[PDB]
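Asks: Next comes model_19.csv, CSV, C-alpha atoms:
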chain,number,residue,atom,x,y,z
M,539,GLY,CA,18.0,-4.0,-14.8
M,540,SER,CA,17.5,-3.9,-18.6
M,541,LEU,CA,16.2,-6.1,-21.4
M,542,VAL,CA,16.3,-5.0,-25.1
M,543,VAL,CA,15.3,-7.0,-28.2
M,544,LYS,CA,16.3,-5.6,-31.6
M,545,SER,CA,17.1,-6.9,-35.1
M,546,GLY,CA,20.4,-8.7,-35.5
M,547,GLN,CA,20.7,-7.4,-39.1
M,548,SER,CA,22.3,-4.0,-38.7
M,549,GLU,CA,21.1,-3.4,-42.3
M,550,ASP,CA,18.7,-4.3,-45.1
M,551,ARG,CA,14.9,-4.1,-45.2
M,552,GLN,CA,11.9,-6.4,-44.6
M,553,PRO,CA,12.4,-10.2,-44.7
M,554,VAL,CA,10.5,-12.8,-46.7
M,555,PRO,CA,8.3,-15.7,-45.4
M,556,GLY,CA,10.6,-18.6,-44.6
M,557,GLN,CA,13.8,-16.4,-44.4
M,558,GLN,CA,16.1,-16.5,-41.4
M,559,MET,CA,17.0,-13.4,-39.3
M,560,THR,CA,19.4,-12.7,-36.5
M,561,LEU,CA,17.7,-11.6,-33.3
M,562,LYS,CA,19.9,-9.6,-30.9
M,563,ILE,CA,19.0,-9.8,-27.2
M,564,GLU,CA,20.6,-7.4,-24.7
M,565,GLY,CA,19.9,-8.4,-21.1
M,566,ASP,CA,21.6,-8.8,-17.7
M,567,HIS,CA,24.3,-11.4,-17.2
M,568,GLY,CA,23.2,-14.8,-15.8
M,569,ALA,CA,19.6,-13.9,-16.5
M,570,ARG,CA,17.2,-16.3,-18.2
M,571,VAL,CA,14.9,-14.9,-21.0
M,572,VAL,CA,11.7,-16.5,-22.2
M,573,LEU,CA,10.5,-15.5,-25.7
M,574,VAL,CA,7.2,-15.5,-27.6
M,575,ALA,CA,6.1,-14.2,-31.0
M,576,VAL,CA,2.4,-13.5,-31.9
M,577,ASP,CA,0.7,-12.2,-35.0
M,578,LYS,CA,-0.5,-8.6,-34.5
M,579,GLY,CA,-3.8,-9.6,-36.0
M,580,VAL,CA,-4.6,-11.4,-32.8
M,581,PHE,CA,-4.5,-8.1,-30.8
M,582,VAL,CA,-7.1,-6.7,-33.1
M,583,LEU,CA,-9.6,-9.0,-31.6
M,584,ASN,CA,-8.3,-8.7,-28.0
M,585,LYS,CA,-5.5,-6.5,-26.6
M,586,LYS,CA,-6.6,-6.8,-22.9
M,587,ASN,CA,-5.0,-8.9,-20.1
M,588,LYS,CA,-1.5,-8.6,-21.5
M,589,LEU,CA,1.7,-8.5,-19.5
M,590,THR,CA,3.5,-5.1,-19.1
M,591,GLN,CA,6.3,-3.9,-16.9
M,592,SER,CA,4.1,-1.0,-16.0
M,593,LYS,CA,1.4,-3.3,-14.8
M,594,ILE,CA,3.9,-5.0,-12.5
M,595,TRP,CA,4.9,-1.8,-10.7
M,596,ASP,CA,1.3,-0.9,-10.4
M,597,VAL,CA,0.7,-4.0,-8.4
M,598,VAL,CA,3.8,-3.5,-6.2
M,599,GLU,CA,2.7,0.1,-5.4
M,600,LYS,CA,-0.7,-1.2,-4.4
M,601,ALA,CA,0.9,-3.6,-1.9
M,602,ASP,CA,2.6,-0.7,-0.2
M,603,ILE,CA,2.3,-0.4,3.6
M,604,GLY,CA,2.5,3.4,3.5
M,605,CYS,CA,-0.7,5.3,3.3
M,606,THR,CA,0.4,8.9,3.3
M,607,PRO,CA,2.4,11.1,0.9
M,608,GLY,CA,4.4,12.3,3.9
M,609,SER,CA,4.3,13.9,7.3
M,610,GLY,CA,1.7,13.2,10.0
M,611,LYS,CA,-0.4,14.6,12.9
M,612,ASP,CA,2.4,13.9,15.4
M,613,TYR,CA,5.6,11.9,15.8
M,614,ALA,CA,3.7,8.7,16.3
M,615,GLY,CA,1.8,9.5,13.2
M,616,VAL,CA,4.7,10.2,10.9
M,617,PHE,CA,6.1,6.7,11.4
M,618,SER,CA,2.7,4.9,11.0
M,619,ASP,CA,1.8,7.0,8.0
M,620,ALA,CA,5.0,5.9,6.4
M,621,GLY,CA,4.8,2.2,7.2
M,622,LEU,CA,6.9,2.0,10.4
M,623,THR,CA,6.6,1.4,14.1
M,624,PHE,CA,8.4,3.3,16.8
M,625,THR,CA,9.0,2.0,20.4
M,626,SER,CA,11.3,3.3,23.1
M,627,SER,CA,12.3,2.5,26.7
M,628,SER,CA,11.0,6.0,27.6
M,629,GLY,CA,7.4,5.3,26.6
M,630,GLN,CA,7.1,7.1,23.3
M,631,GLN,CA,5.5,4.6,20.9
M,632,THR,CA,3.4,4.8,17.7
M,633,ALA,CA,-0.3,4.1,17.2
M,634,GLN,CA,-1.3,0.4,17.2
M,635,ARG,CA,-2.0,-0.8,13.7
M,636,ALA,CA,-4.2,-3.9,13.4
M,637,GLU,CA,-5.6,-3.5,9.9
M,638,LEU,CA,-4.0,-5.0,6.7
M,639,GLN,CA,-5.3,-2.6,4.1
M,640,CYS,CA,-4.6,1.1,4.2
M,641,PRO,CA,-7.3,3.5,5.4
M,642,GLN,CA,-10.6,3.1,3.4
M,643,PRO,CA,-10.2,6.0,0.9
M,644,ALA,CA,-12.7,8.3,2.6
M,645,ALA,CA,-12.6,10.9,-0.2
Q,109,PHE,CA,2.5,-13.2,-12.8
Q,110,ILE,CA,0.7,-15.3,-15.4
Q,111,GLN,CA,1.6,-15.0,-19.1
Q,112,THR,CA,-0.3,-16.4,-22.0
Q,113,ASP,CA,1.1,-16.5,-25.6
Q,114,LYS,CA,-2.2,-15.3,-27.1
Q,115,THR,CA,-5.0,-13.2,-25.8
Q,116,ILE,CA,-7.8,-15.2,-27.5
Q,117,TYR,CA,-8.0,-18.9,-28.3
Q,118,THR,CA,-10.1,-21.2,-30.6
Q,119,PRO,CA,-11.8,-24.4,-29.3
Q,120,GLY,CA,-9.3,-27.2,-30.2
Q,121,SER,CA,-6.0,-25.2,-29.8
Q,122,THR,CA,-3.5,-25.3,-27.0
Q,123,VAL,CA,-2.9,-22.6,-24.4
Q,124,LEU,CA,0.7,-21.9,-23.4
Q,125,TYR,CA,1.1,-20.1,-20.1
Q,126,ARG,CA,4.0,-19.4,-17.8
Q,127,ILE,CA,3.9,-18.6,-14.1
Q,128,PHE,CA,6.5,-16.3,-12.7
Q,129,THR,CA,7.3,-16.8,-9.0
Q,130,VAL,CA,9.0,-14.0,-7.1
Q,131,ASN,CA,9.1,-12.4,-3.6
Q,132,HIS,CA,8.3,-8.9,-2.4
Q,133,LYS,CA,11.7,-7.8,-3.8
Q,134,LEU,CA,10.7,-9.2,-7.2
Q,135,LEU,CA,13.6,-11.6,-7.0
Q,136,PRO,CA,12.9,-15.2,-8.1
Q,137,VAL,CA,12.1,-17.9,-5.5
Q,138,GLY,CA,11.4,-21.6,-5.2
Q,139,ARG,CA,8.0,-22.3,-3.8
Q,140,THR,CA,5.0,-24.6,-4.3
Q,141,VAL,CA,2.3,-23.2,-6.6
Q,142,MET,CA,-1.3,-24.3,-7.1
Q,143,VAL,CA,-2.7,-23.5,-10.5
Q,144,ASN,CA,-6.3,-23.8,-11.6
Q,145,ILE,CA,-8.3,-23.0,-14.7
Q,146,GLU,CA,-11.9,-21.9,-14.5
Q,147,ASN,CA,-14.5,-21.6,-17.3
Q,148,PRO,CA,-16.8,-18.6,-18.0
Q,149,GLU,CA,-19.2,-19.8,-15.3
Q,150,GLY,CA,-16.5,-20.0,-12.7
Q,151,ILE,CA,-15.9,-23.8,-12.7
Q,152,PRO,CA,-12.4,-25.3,-12.3
Q,153,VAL,CA,-11.6,-27.9,-14.9
Q,154,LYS,CA,-7.8,-28.5,-14.4
Q,155,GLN,CA,-5.6,-28.1,-11.4
Q,156,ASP,CA,-1.8,-28.6,-11.1
Q,157,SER,CA,0.7,-28.5,-8.3
Q,158,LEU,CA,4.2,-27.8,-9.6
Q,159,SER,CA,7.2,-26.3,-7.8
Q,160,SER,CA,9.5,-23.5,-9.1
Q,161,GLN,CA,12.3,-25.3,-7.2
Q,162,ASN,CA,15.6,-24.8,-9.1
Q,163,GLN,CA,13.5,-23.6,-12.0
Q,164,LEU,CA,14.6,-20.0,-11.7
Q,165,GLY,CA,11.1,-18.7,-10.9
Q,166,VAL,CA,9.6,-19.8,-14.2
Q,167,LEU,CA,6.9,-22.4,-14.5
Q,168,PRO,CA,6.1,-23.4,-18.2
Q,169,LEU,CA,2.7,-25.0,-18.6
Q,170,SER,CA,0.1,-25.9,-21.2
Q,171,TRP,CA,-3.5,-27.0,-21.6
Q,172,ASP,CA,-5.5,-28.2,-24.6
Q,173,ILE,CA,-9.0,-26.7,-25.0
Q,174,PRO,CA,-11.6,-29.4,-26.0
Q,175,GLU,CA,-13.7,-28.8,-29.1
Q,176,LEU,CA,-16.9,-29.2,-26.9
Q,177,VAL,CA,-16.7,-26.3,-24.5
Q,178,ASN,CA,-18.4,-23.0,-23.7
Q,179,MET,CA,-17.1,-19.8,-25.3
Q,180,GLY,CA,-16.6,-16.6,-23.4
Q,181,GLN,CA,-14.1,-15.3,-20.8
Q,182,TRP,CA,-11.8,-17.9,-19.3
Q,183,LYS,CA,-9.6,-17.4,-16.2
Q,184,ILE,CA,-6.4,-18.9,-14.9
Q,185,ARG,CA,-5.9,-18.6,-11.1
Q,186,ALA,CA,-2.7,-19.4,-9.3
Q,187,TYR,CA,-1.5,-19.0,-5.7
Q,188,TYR,CA,1.3,-20.0,-3.4
Q,189,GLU,CA,0.6,-23.1,-1.3
Q,190,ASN,CA,1.5,-21.1,1.8
Q,191,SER,CA,-1.2,-18.5,1.2
Q,192,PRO,CA,-4.5,-19.8,-0.3
Q,193,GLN,CA,-6.2,-16.4,0.5
Q,194,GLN,CA,-3.9,-14.5,-1.9
Q,195,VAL,CA,-4.8,-15.5,-5.5
Q,196,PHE,CA,-3.6,-14.1,-8.8
Q,197,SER,CA,-5.6,-14.4,-12.0
Q,198,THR,CA,-5.3,-13.7,-15.8
Q,199,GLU,CA,-8.1,-14.0,-18.3
Q,200,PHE,CA,-8.0,-15.3,-21.9
Q,201,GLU,CA,-11.0,-15.3,-24.2
Q,202,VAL,CA,-12.2,-18.4,-26.0
Q,203,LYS,CA,-14.1,-17.8,-29.3
Q,204,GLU,CA,-14.5,-19.2,-32.8
Q,205,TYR,CA,-12.6,-16.5,-34.7
Q,206,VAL,CA,-10.4,-15.9,-37.8
Q,207,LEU,CA,-7.4,-13.5,-37.9
Q,208,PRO,CA,-8.3,-10.4,-40.1
Q,209,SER,CA,-5.8,-8.7,-42.4
Q,210,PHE,CA,-6.0,-5.2,-41.2
Q,211,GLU,CA,-6.3,-3.2,-38.0
Q,212,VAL,CA,-8.7,-0.3,-37.3
Q,213,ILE,CA,-7.9,2.7,-35.0
Q,214,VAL,CA,-10.4,5.2,-33.7
Q,215,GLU,CA,-8.8,8.4,-32.4
O,729,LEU,CA,6.3,-24.9,-69.8
O,730,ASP,CA,7.9,-22.7,-72.4
O,731,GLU,CA,5.8,-19.7,-71.5
O,732,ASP,CA,7.3,-16.8,-69.6
O,733,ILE,CA,5.8,-18.0,-66.4
O,734,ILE,CA,6.1,-20.6,-63.6
O,735,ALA,CA,4.4,-24.0,-63.8
O,736,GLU,CA,2.2,-25.4,-61.0
O,737,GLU,CA,4.8,-28.0,-60.1
O,738,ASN,CA,7.3,-25.2,-59.4
O,739,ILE,CA,5.2,-23.3,-56.9
O,740,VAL,CA,5.8,-24.3,-53.2
O,741,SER,CA,2.8,-23.2,-51.3
O,742,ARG,CA,3.0,-21.5,-47.9
O,743,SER,CA,1.3,-23.6,-45.2
O,744,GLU,CA,2.9,-22.6,-41.9
O,745,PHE,CA,0.5,-20.0,-40.6
O,746,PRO,CA,0.9,-20.1,-36.7
O,747,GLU,CA,-0.8,-17.5,-34.5
O,748,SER,CA,1.9,-17.8,-31.8
O,749,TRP,CA,5.4,-19.2,-32.1
O,750,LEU,CA,9.0,-18.8,-30.9
O,751,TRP,CA,7.9,-20.2,-27.5
O,752,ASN,CA,11.6,-20.7,-26.5
O,753,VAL,CA,13.9,-20.2,-23.5
O,754,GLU,CA,17.4,-18.7,-23.7
O,755,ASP,CA,19.9,-17.9,-21.0
O,756,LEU,CA,22.3,-15.0,-21.1
O,757,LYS,CA,25.6,-16.6,-20.0
O,758,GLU,CA,27.7,-14.9,-22.7
O,759,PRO,CA,30.8,-12.8,-22.0
O,760,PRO,CA,29.3,-9.7,-20.2
O,761,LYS,CA,30.4,-6.1,-21.3
O,762,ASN,CA,29.2,-3.2,-19.1
O,763,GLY,CA,26.9,-5.6,-17.3
O,764,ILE,CA,25.1,-6.2,-20.6
O,765,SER,CA,25.2,-9.7,-22.2
O,766,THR,CA,24.3,-10.2,-25.9
O,767,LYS,CA,22.8,-13.3,-27.5
O,768,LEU,CA,22.3,-13.6,-31.2
O,769,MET,CA,19.5,-15.9,-32.2
O,770,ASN,CA,18.8,-17.2,-35.7
O,771,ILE,CA,15.1,-17.6,-35.9
O,772,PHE,CA,13.0,-19.1,-38.8
O,773,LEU,CA,10.2,-16.7,-39.8
O,774,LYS,CA,7.0,-18.4,-40.7
O,775,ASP,CA,4.9,-18.2,-43.9
Once more with this new file: its structure as structure tokens, please.

Replies:
Amino acid sequence: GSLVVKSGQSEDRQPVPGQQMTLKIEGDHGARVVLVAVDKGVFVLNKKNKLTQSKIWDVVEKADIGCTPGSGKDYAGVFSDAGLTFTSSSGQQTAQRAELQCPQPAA
Amino acid sequence: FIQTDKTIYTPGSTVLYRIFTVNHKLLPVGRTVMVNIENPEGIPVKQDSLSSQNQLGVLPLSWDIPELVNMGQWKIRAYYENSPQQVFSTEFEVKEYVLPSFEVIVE
Amino acid sequence: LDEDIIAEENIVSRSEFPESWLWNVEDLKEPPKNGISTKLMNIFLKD
């Protein structure tokens, strides 16, 4: 969807310790948003193990059942190499898959 | 997905962490989650069992770090009750530190 | 007191120095426009 967080004050400069400030939040309707503010000084000691949207997709992609950029050796390979199984009443079926992870990256 | 407010904590402070529960479609879901917290030497000290039922896939939690404890790399491990084999983890460092006043970049 | 300066009794010291705050939760149920809701929060910056 989309989630943006900008300054409510559509004007002015830098605030002063103790001063209030409007905080605009542009997100999807019906969505719940959890917030958190941290002093940048903390990240100077440690910036690892954070939470990023990019790190999320990186995990989703790793859990993909497809193990080939495309195509295959044969018709039964195209489906399997794309994360699918074909089976017909004529006999044409795909290669039996019985292993969770993708092929061990054999360079 | 585990989220901690800070990246590093001092012995005596409180750690605020939230657990996001979603399915393969990244859509929120109500399930039973088992959350543990291990020390640098891989030894669980606290274990909870809350449910994201009607919580909109967000489990707010917190744990106070005792003054007497080993410093180093701590880990928070969570997993669905219906799949003990699949475990997710996020690390947070524990050290006696003091927030500096400037950052240093090496490019 | 008469000096062109501020007395000690008139200087409120800054004490609130948190490392992490604003641990709040807000829902976007406001009138949607183009599928994009907008909530305006009034936060209290620390010292």

Asks: Give the residues of chain M that lie within 7 Å of chain Q; count all atoms listed in the file, and format the answer as a ChimeraX atom specification.

Replies: /M:574,576,579-580,582,584-585,587,589

Asks: Using all atoms listed in the file, select each residue of chain M with any atom at most 9 Å away from an atom of chain O, and give the selection as a PyMOL selection string.

Replies: chain M and resi 540-541+546+553-580

Asks: Would you save the residues of that selection, restricted to C-alpha atoms, as an mmCIF file, in the coordinates of the input?

Replies:
data_model
loop_
_atom_site.group_PDB
_atom_site.id
_atom_site.type_symbol
_atom_site.label_atom_id
_atom_site.label_comp_id
_atom_site.auth_asym_id
_atom_site.auth_seq_id
_atom_site.Cartn_x
_atom_site.Cartn_y
_atom_site.Cartn_z
ATOM 1 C CA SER M 540 17.500 -3.900 -18.600
ATOM 2 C CA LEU M 541 16.200 -6.100 -21.400
ATOM 3 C CA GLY M 546 20.400 -8.700 -35.500
ATOM 4 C CA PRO M 553 12.400 -10.200 -44.700
ATOM 5 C CA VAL M 554 10.500 -12.800 -46.700
ATOM 6 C CA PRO M 555 8.300 -15.700 -45.400
ATOM 7 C CA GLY M 556 10.600 -18.600 -44.600
ATOM 8 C CA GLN M 557 13.800 -16.400 -44.400
ATOM 9 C CA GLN M 558 16.100 -16.500 -41.400
ATOM 10 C CA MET M 559 17.000 -13.400 -39.300
ATOM 11 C CA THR M 560 19.400 -12.700 -36.500
ATOM 12 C CA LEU M 561 17.700 -11.600 -33.300
ATOM 13 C CA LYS M 562 19.900 -9.600 -30.900
ATOM 14 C CA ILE M 563 19.000 -9.800 -27.200
ATOM 15 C CA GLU M 564 20.600 -7.400 -24.700
ATOM 16 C CA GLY M 565 19.900 -8.400 -21.100
ATOM 17 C CA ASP M 566 21.600 -8.800 -17.700
ATOM 18 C CA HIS M 567 24.300 -11.400 -17.200
ATOM 19 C CA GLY M 568 23.200 -14.800 -15.800
ATOM 20 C CA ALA M 569 19.600 -13.900 -16.500
ATOM 21 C CA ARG M 570 17.200 -16.300 -18.200
ATOM 22 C CA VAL M 571 14.900 -14.900 -21.000
ATOM 23 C CA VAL M 572 11.700 -16.500 -22.200
ATOM 24 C CA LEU M 573 10.500 -15.500 -25.700
ATOM 25 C CA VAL M 574 7.200 -15.500 -27.600
ATOM 26 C CA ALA M 575 6.100 -14.200 -31.000
ATOM 27 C CA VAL M 576 2.400 -13.500 -31.900
ATOM 28 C CA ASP M 577 0.700 -12.200 -35.000
ATOM 29 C CA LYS M 578 -0.500 -8.600 -34.500
ATOM 30 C CA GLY M 579 -3.800 -9.600 -36.000
ATOM 31 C CA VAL M 580 -4.600 -11.400 -32.800
#

Asks: In Å, how far is it from CA of residue 119 (chain Q) to CA of residue 158 (chain Q)?

Replies: 25.6 Å

Asks: For a quick check of your reading of the model, name the residues lying within 12 Å of the coordinate (-5.7, -3.0, 7.8), counting only C-alpha atoms, and write them as a tab-separated table (two decimals) with C-alpha atoms, keeping the file's coordinate frame.

Replies:
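Ended up saving to selection_1.tsv:
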chain	number	residue	atom	x	y	z
M	601	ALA	CA	0.90	-3.60	-1.90
M	602	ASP	CA	2.60	-0.70	-0.20
M	603	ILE	CA	2.30	-0.40	3.60
M	604	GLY	CA	2.50	3.40	3.50
M	605	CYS	CA	-0.70	5.30	3.30
M	618	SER	CA	2.70	4.90	11.00
M	621	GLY	CA	4.80	2.20	7.20
M	634	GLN	CA	-1.30	0.40	17.20
M	635	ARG	CA	-2.00	-0.80	13.70
M	636	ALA	CA	-4.20	-3.90	13.40
M	637	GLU	CA	-5.60	-3.50	9.90
M	638	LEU	CA	-4.00	-5.00	6.70
M	639	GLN	CA	-5.30	-2.60	4.10
M	640	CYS	CA	-4.60	1.10	4.20
M	641	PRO	CA	-7.30	3.50	5.40
M	642	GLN	CA	-10.60	3.10	3.40

Asks: What's the separation between CA of residue 163 (chain Q) and CA of residue 135 (chain Q), in Å to one decimal place?

Replies: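 Rounded to one decimal, the two atoms are 13.0 Å apart.
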
Asks: Report, in Å to a single decimal, how far apart CA of residue 160 (chain Q) and CA of residue 137 (chain Q) are.

Replies: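 Result for CA of residue 137 (chain Q) versus CA of residue 160 (chain Q): 7.1 Å, one decimal.
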
Asks: Within 12 Å of residue 630 (chain M), counting all atoms listed in the file, which residues show up once you throw out same-chain ones fewer than 5 positions away? Write them as a PDB file with C-alpha atoms, in the coordinates of the input, please.

Replies:
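result.pdb, written as the output of this step:
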ATOM      1  CA  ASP M 612       2.400  13.900  15.400  1.00  0.00           C
ATOM      2  CA  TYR M 613       5.600  11.900  15.800  1.00  0.00           C
ATOM      3  CA  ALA M 614       3.700   8.700  16.300  1.00  0.00           C
ATOM      4  CA  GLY M 615       1.800   9.500  13.200  1.00  0.00           C
ATOM      5  CA  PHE M 617       6.100   6.700  11.400  1.00  0.00           C
ATOM      6  CA  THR M 623       6.600   1.400  14.100  1.00  0.00           C
ATOM      7  CA  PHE M 624       8.400   3.300  16.800  1.00  0.00           C
ATOM      8  CA  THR M 625       9.000   2.000  20.400  1.00  0.00           C
TER       9      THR M 625
END

Asks: Write out as JSON, numbers by chain each polymer residue whose atoms come within 7 Å of residue 141 (chain Q), counting only C-alpha atoms; drop sequence neighbours fewer than 5 positions from it.

Replies: {"Q": [157, 158, 159, 186, 187, 188, 189]}

Asks: Just give me the residues with any atom within 6 Å of (-14.5, -19.8, -28.8), file coordinates, counting only C-alpha atoms, written as a PyMOL selection string.

Replies: chain Q and resi 118-119+179+202-204

Asks: Take the residues that were just selected and, keeping C-alpha atoms, output them as a PDB file, keeping the file's coordinate frame.

Replies:
ATOM      1  CA  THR Q 118     -10.100 -21.200 -30.600  1.00  0.00           C
ATOM      2  CA  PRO Q 119     -11.800 -24.400 -29.300  1.00  0.00           C
ATOM      3  CA  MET Q 179     -17.100 -19.800 -25.300  1.00  0.00           C
ATOM      4  CA  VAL Q 202     -12.200 -18.400 -26.000  1.00  0.00           C
ATOM      5  CA  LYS Q 203     -14.100 -17.800 -29.300  1.00  0.00           C
ATOM      6  CA  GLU Q 204     -14.500 -19.200 -32.800  1.00  0.00           C
TER       7      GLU Q 204
END

Asks: My list of candidates is Q:190, Q:215, Q:140, Q:125. Which is closest to residue 169 (chain Q) when distances are computed with only C-alpha atoms?

Replies: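 Nearest candidate to residue 169 (chain Q) out of Q:190, Q:215, Q:140, Q:125: Q:125.
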
Asks: With all atoms listed in the file as the basis for distance, which of Q:176, Q:196, Q:167, Q:144 is at the shortest distance from chain O?

Replies: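 The closest residue to chain O is Q:167.
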
Asks: Nearest residue to chain O out of Q:161, Q:170, Q:131, Q:147, using all atoms listed in the file?

Replies: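 Distance minimum relative to chain O lands on Q:170.
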
Asks: Using all atoms listed in the file, determine which residues lie at most 7 Å from residue 122 (chain Q), disregarding the query and same-chain residues fewer than 3 positions distant; provide the list as a PyMOL selection string.

Replies: chain Q and resi 170-173
